[PDB]
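Asker: Pasting a structure here, questions to come.
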Amino acid sequence: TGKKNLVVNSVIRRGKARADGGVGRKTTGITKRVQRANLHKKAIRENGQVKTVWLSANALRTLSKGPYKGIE
Amino acid sequence: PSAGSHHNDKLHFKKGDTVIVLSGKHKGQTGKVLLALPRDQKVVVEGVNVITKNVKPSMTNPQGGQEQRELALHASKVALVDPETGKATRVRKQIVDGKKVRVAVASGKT
Amino acid sequence: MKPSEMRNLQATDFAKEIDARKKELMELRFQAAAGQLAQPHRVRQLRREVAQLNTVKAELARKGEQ
Amino acid sequence: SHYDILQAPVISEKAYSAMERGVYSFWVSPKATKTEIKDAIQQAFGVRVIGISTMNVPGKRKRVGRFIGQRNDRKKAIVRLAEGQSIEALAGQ
RNA sequence: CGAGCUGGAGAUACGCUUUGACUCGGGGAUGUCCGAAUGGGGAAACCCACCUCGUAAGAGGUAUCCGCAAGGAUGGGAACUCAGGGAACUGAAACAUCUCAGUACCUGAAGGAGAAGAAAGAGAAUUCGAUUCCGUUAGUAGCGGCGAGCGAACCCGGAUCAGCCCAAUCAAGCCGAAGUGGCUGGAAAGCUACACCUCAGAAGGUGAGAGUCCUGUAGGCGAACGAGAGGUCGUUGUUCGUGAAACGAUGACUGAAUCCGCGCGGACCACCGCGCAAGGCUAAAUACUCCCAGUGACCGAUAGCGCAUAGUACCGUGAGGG
RNA sequence: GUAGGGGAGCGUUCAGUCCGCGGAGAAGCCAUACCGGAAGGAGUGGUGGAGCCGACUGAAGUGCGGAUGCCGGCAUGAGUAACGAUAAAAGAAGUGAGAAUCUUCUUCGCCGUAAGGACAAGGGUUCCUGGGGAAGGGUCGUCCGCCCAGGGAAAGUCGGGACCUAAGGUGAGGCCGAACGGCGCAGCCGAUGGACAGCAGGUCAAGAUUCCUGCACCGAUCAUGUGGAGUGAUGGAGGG
């Protein structure tokens, strides 16, 4: 989970073969199709007073700059 | 087991009035009501009677014989009468006891 | 028994009107299990009474302060 | 009050026999700790209590009826007055 | 309400009642111990403490989270709603694709209903103009190991129909018309002979088949007081399984403008055209059904619910079955 | 004439309609040498004790011998095999409607590191007394661990709790996590372990280091005297 917005939870991952032919080979057969999840990280921050909490790149970046309710 | 509600636990009469027993045996026979059992539609008018034999086992010197006693009835007796014959009821009002209401048929008493 | 001639009494008298009925009620109950309870009903009454004995007293609990 | 809690007197023969020696015993209430009970009694019969014994008693009966039965749980308690023998006369019974 | 009551049970004793019980409507007060349970402990209903009020008895407070502060939250709900997670069998007469399905199941949140909602839309007539639901369009367009098979939307008809705001009568209940004789019978409401009522001849009960005996019905009354952004990579949704495949959506990286501005109209460009996203709340029609009433070319006891009642006996360590 | 196709009908229930039927007696049941081409129908008699035929039409949980079918009843096997350790019994007496099978007495035999006694767990009232006699007791039963009713269980010191901790369980702040949730210091719960004040007798039909009797011990609170001064922690050590 991040500061601004939650995260994690992701989606499936395919894997095709015969991949790419004359502008188009015969086609792209699939052989995978499963399922996955994507995470991030943290750095200590705080508002009101001292904290720590997780901080998502795409937030520690947005916070590194203009702060929004939260201070780096 | 349903029971005596078909009517409506309402006795069309008092455990004190006088009534003639229409239909069934004891037709036209009358007598002062005694038991007013509404729920069940039970009536004890000095009319019907049976001589029962009491079951008094180790009941202090048994000597149990055959008691004459009244047997209850249902809506089988048409409540109260004045013309000396079964009579509906209808023209109520009140008395010097406006705190109440009466009943009456062709005539008007009870 | 409930009419004003009930409330008509004090707060302690109320108590007095209670702690005694269950002093009767007791001897009664004793009698019972001791054999001789000829006054089954008496019990009920006695009981009944103490209910009101409080029921009423509770009625004051909102009447005189709200 | 005082008169509360005691539930009834213990009839039986022994008990009654125990009485001929100044030991009284009635059924108190289940949850009726020794002290309270020791109290009650005294002040309901005017007298003190030198000793007190108490312990619980289940019940589970019936006559018939696919209704088995059910306990009824009691708590017969026994007290020993001081040389100041007797409780009223609800003893001489 | 008006003269019985004293629960199922029916049995006896004591009694209570017109100084209006009983019973029925509707507010109160009592409401032990457990259970969110929450003074602490705990193998549920048990064990132990503390502060305060207090003549003893006895009363009250003592959990955690938001909040100055009131005040709110923790649990429980048959199905219905959305959300996070999400199978296999099965089909493809084998199977990896796909199908079965985003169903079954798990969890979260919630209400009586939800959800969705006021156009960076759909869509082509330079039209319609929130959302939802029904019919239809149409099994058409399309997707598809282009196999098995899956399958829209616009238009049109109908239910219901609002957009507004930010930030710079039903329950209790009371009244209610109109028949007698003879006959068959153990008993008649049946037969029969003359009689009446009928805005009430719906129904149930009466010792057999009942308009006129009872309870009722049509119809009338009826209460203190109670309700009503763009992109690159990984992927995905919509008919969309990479295909030339847009747009939406997002984990990751990046990263704009602002009217001679911005987005889109299935790559893509110009032209023409529709709309203005990154703030929000919102009846109504919709779904279900624990409960209630009425009905039923529904059952009538091996049926019907598992139960004419019982989730009981009984089986299991238990989940559970019954 | 088998699979299969085609035709016409019989019967059950429910439903709308017509004619009706019934307590001097309906449905169902039971009997029968009638009728019809079959499915089937009728008459008469018996039982029965209240709803019910026939006709047209509509709808159907609509027709059965089979599924090692399902529920239930009842058979065969057959007064068969069994009566659950080869520790044996006999007599007298008694009670009783009735006893090989109950009680009494006198002998016999079997266990005797047990087939005796005392706990724990576990089960509950199965304990004791008076009754009972259906069903249970592999037979009898006058009896019972079975049915009924009543009584019975007594603790400052025995076990446990108001003390302790182990494993392990839980756990404010804390560490992780799609949800649910997963871990985690202190603190807490947790014996099976530590700690800790009685013992000798008597005795209900039925209780006992609990009641009684004799004598004793522990803590707690207050009174009195003695004293004549510190007392001494959620911390230290020692120790357990």
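Chain labels run A, B, ... following the order of the structure tokens; each chain numbers its residues from 1, and ligands are numbered from 1 in the order shown.
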Chain E residues within 7 Å of chain B, counting only C-alpha atoms (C1' of nucleotides): which ones, as a list in words?
Answerer: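 Residues passing the distance filter: residues 187, 204, 205, 206, 207, 213, 214 and 215 of chain E.
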Asker: Those same residues - N, CA and C atoms (P, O5', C5', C4', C3', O3' and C1' of nucleotides) - I'd like them written as a PDB file, in the first residue's frame.
Answerer:
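What landed in out-v3.pdb:
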```pdb
ATOM      1  P     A E 187     -83.931 -38.968  17.237  1.00  0.00           P
ATOM      2  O5'   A E 187     -82.900 -37.799  16.893  1.00  0.00           O
ATOM      3  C5'   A E 187     -82.290 -37.036  17.937  1.00  0.00           C
ATOM      4  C4'   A E 187     -81.071 -36.290  17.428  1.00  0.00           C
ATOM      5  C3'   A E 187     -81.293 -35.285  16.322  1.00  0.00           C
ATOM      6  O3'   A E 187     -81.763 -34.088  16.947  1.00  0.00           O
ATOM      7  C1'   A E 187     -79.384 -36.601  15.822  1.00  0.00           C
ATOM      8  P     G E 204     -67.076 -23.516   4.160  1.00  0.00           P
ATOM      9  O5'   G E 204     -66.914 -23.382   5.738  1.00  0.00           O
ATOM     10  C5'   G E 204     -65.619 -23.411   6.311  1.00  0.00           C
ATOM     11  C4'   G E 204     -65.679 -23.073   7.770  1.00  0.00           C
ATOM     12  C3'   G E 204     -66.610 -23.933   8.617  1.00  0.00           C
ATOM     13  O3'   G E 204     -65.968 -25.139   9.062  1.00  0.00           O
ATOM     14  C1'   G E 204     -66.967 -21.633   9.090  1.00  0.00           C
ATOM     15  P     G E 205     -66.827 -26.493   9.273  1.00  0.00           P
ATOM     16  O5'   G E 205     -67.561 -26.259  10.659  1.00  0.00           O
ATOM     17  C5'   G E 205     -66.812 -25.984  11.820  1.00  0.00           C
ATOM     18  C4'   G E 205     -67.722 -25.515  12.915  1.00  0.00           C
ATOM     19  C3'   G E 205     -68.950 -26.364  13.176  1.00  0.00           C
ATOM     20  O3'   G E 205     -68.702 -27.485  13.982  1.00  0.00           O
ATOM     21  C1'   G E 205     -69.610 -24.124  13.103  1.00  0.00           C
ATOM     22  P     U E 206     -69.728 -28.710  13.923  1.00  0.00           P
ATOM     23  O5'   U E 206     -71.104 -28.091  14.432  1.00  0.00           O
ATOM     24  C5'   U E 206     -71.292 -27.749  15.806  1.00  0.00           C
ATOM     25  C4'   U E 206     -72.749 -27.475  16.091  1.00  0.00           C
ATOM     26  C3'   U E 206     -73.705 -28.633  15.850  1.00  0.00           C
ATOM     27  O3'   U E 206     -73.845 -29.448  17.010  1.00  0.00           O
ATOM     28  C1'   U E 206     -74.539 -26.712  14.785  1.00  0.00           C
ATOM     29  P     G E 207     -74.441 -30.947  16.871  1.00  0.00           P
ATOM     30  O5'   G E 207     -73.149 -31.828  16.529  1.00  0.00           O
ATOM     31  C5'   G E 207     -73.033 -32.586  15.333  1.00  0.00           C
ATOM     32  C4'   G E 207     -73.900 -33.805  15.424  1.00  0.00           C
ATOM     33  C3'   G E 207     -75.259 -33.656  14.759  1.00  0.00           C
ATOM     34  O3'   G E 207     -75.242 -34.089  13.397  1.00  0.00           O
ATOM     35  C1'   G E 207     -75.379 -34.828  16.822  1.00  0.00           C
ATOM     36  P     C E 213     -83.055 -18.012  11.542  1.00  0.00           P
ATOM     37  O5'   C E 213     -82.107 -18.432  12.752  1.00  0.00           O
ATOM     38  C5'   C E 213     -82.594 -18.427  14.096  1.00  0.00           C
ATOM     39  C4'   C E 213     -81.583 -19.066  15.007  1.00  0.00           C
ATOM     40  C3'   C E 213     -80.205 -18.407  15.023  1.00  0.00           C
ATOM     41  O3'   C E 213     -80.102 -17.400  16.030  1.00  0.00           O
ATOM     42  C1'   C E 213     -79.982 -20.720  14.615  1.00  0.00           C
ATOM     43  P     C E 214     -79.091 -16.162  15.819  1.00  0.00           P
ATOM     44  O5'   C E 214     -77.668 -16.813  16.049  1.00  0.00           O
ATOM     45  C5'   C E 214     -77.296 -17.222  17.349  1.00  0.00           C
ATOM     46  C4'   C E 214     -75.931 -17.815  17.334  1.00  0.00           C
ATOM     47  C3'   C E 214     -74.863 -16.990  16.654  1.00  0.00           C
ATOM     48  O3'   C E 214     -74.375 -16.044  17.595  1.00  0.00           O
ATOM     49  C1'   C E 214     -74.715 -19.245  15.994  1.00  0.00           C
ATOM     50  P     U E 215     -74.041 -14.541  17.124  1.00  0.00           P
ATOM     51  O5'   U E 215     -72.560 -14.647  16.541  1.00  0.00           O
ATOM     52  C5'   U E 215     -71.527 -15.319  17.273  1.00  0.00           C
ATOM     53  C4'   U E 215     -70.391 -15.691  16.356  1.00  0.00           C
ATOM     54  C3'   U E 215     -70.031 -14.615  15.359  1.00  0.00           C
ATOM     55  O3'   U E 215     -69.162 -13.671  15.982  1.00  0.00           O
ATOM     56  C1'   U E 215     -70.101 -16.751  14.306  1.00  0.00           C
TER      57        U E 215
END
```
Asker: Residue 54 (chain B): which residues within 10 Å, counting only C-alpha atoms (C1' of nucleotides), same-chain residues fewer than 4 positions away excluded, as a ChimeraX atom specification?
Answerer: /B:62-67
Asker: Should the cut-off be 8 Å, what would the residue list for chain E against chain C look like, counting only C-alpha atoms (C1' of nucleotides), as a ChimeraX atom specification?
Answerer: /E:14-15,29-30
Asker: Sorted by chain and rising residue number, list the residues of chain F at most 12 Å from chain A (counting only C-alpha atoms (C1' of nucleotides)), each with its closest atom pair and distance in Å to one decimal, as a tab-separated table.
Answerer:
```
residue	atom	partner	partner_atom	distance
F:177	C1'	A:1	CA	10.2
F:178	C1'	A:9	CA	6.4
F:179	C1'	A:9	CA	11.3
```
Asker: For those residues, write N, CA, C and O atoms (P, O5', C5', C4', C3', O3' and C1' of nucleotides) to a file as a PDB file, in the first residue's frame.
Answerer:
```pdb
ATOM      1  P     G F 177       4.310  -5.895   3.383  1.00  0.00           P
ATOM      2  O5'   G F 177       3.108  -6.899   3.134  1.00  0.00           O
ATOM      3  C5'   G F 177       3.348  -8.270   2.863  1.00  0.00           C
ATOM      4  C4'   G F 177       2.139  -9.079   3.247  1.00  0.00           C
ATOM      5  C3'   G F 177       0.866  -8.645   2.546  1.00  0.00           C
ATOM      6  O3'   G F 177       0.788  -9.308   1.288  1.00  0.00           O
ATOM      7  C1'   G F 177       0.467  -8.929   4.871  1.00  0.00           C
ATOM      8  P     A F 178       0.409  -8.482  -0.025  1.00  0.00           P
ATOM      9  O5'   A F 178      -1.178  -8.528  -0.094  1.00  0.00           O
ATOM     10  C5'   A F 178      -1.863  -7.571  -0.883  1.00  0.00           C
ATOM     11  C4'   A F 178      -3.364  -7.719  -0.773  1.00  0.00           C
ATOM     12  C3'   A F 178      -4.030  -8.162   0.519  1.00  0.00           C
ATOM     13  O3'   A F 178      -4.057  -7.112   1.483  1.00  0.00           O
ATOM     14  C1'   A F 178      -5.261  -8.842  -1.424  1.00  0.00           C
ATOM     15  P     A F 179      -4.199  -7.467   3.050  1.00  0.00           P
ATOM     16  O5'   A F 179      -5.702  -7.951   3.222  1.00  0.00           O
ATOM     17  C5'   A F 179      -6.752  -7.017   3.114  1.00  0.00           C
ATOM     18  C4'   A F 179      -8.062  -7.725   2.948  1.00  0.00           C
ATOM     19  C3'   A F 179      -8.509  -8.567   4.124  1.00  0.00           C
ATOM     20  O3'   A F 179      -9.113  -7.723   5.101  1.00  0.00           O
ATOM     21  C1'   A F 179      -8.896  -9.726   2.092  1.00  0.00           C
TER      22        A F 179
END
```
Asker: Just give me the gap between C1' of residue 136 (chain E) and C1' of residue 155 (chain E) in Å, one decimal is fine.
Answerer: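 These two atoms are separated by 10.4 Å.
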Asker: Restricting the calculation to only C-alpha atoms (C1' of nucleotides): of E:66, E:22, E:290, E:285, which residue gets closest to residue 159 (chain E)?
Answerer: E:285
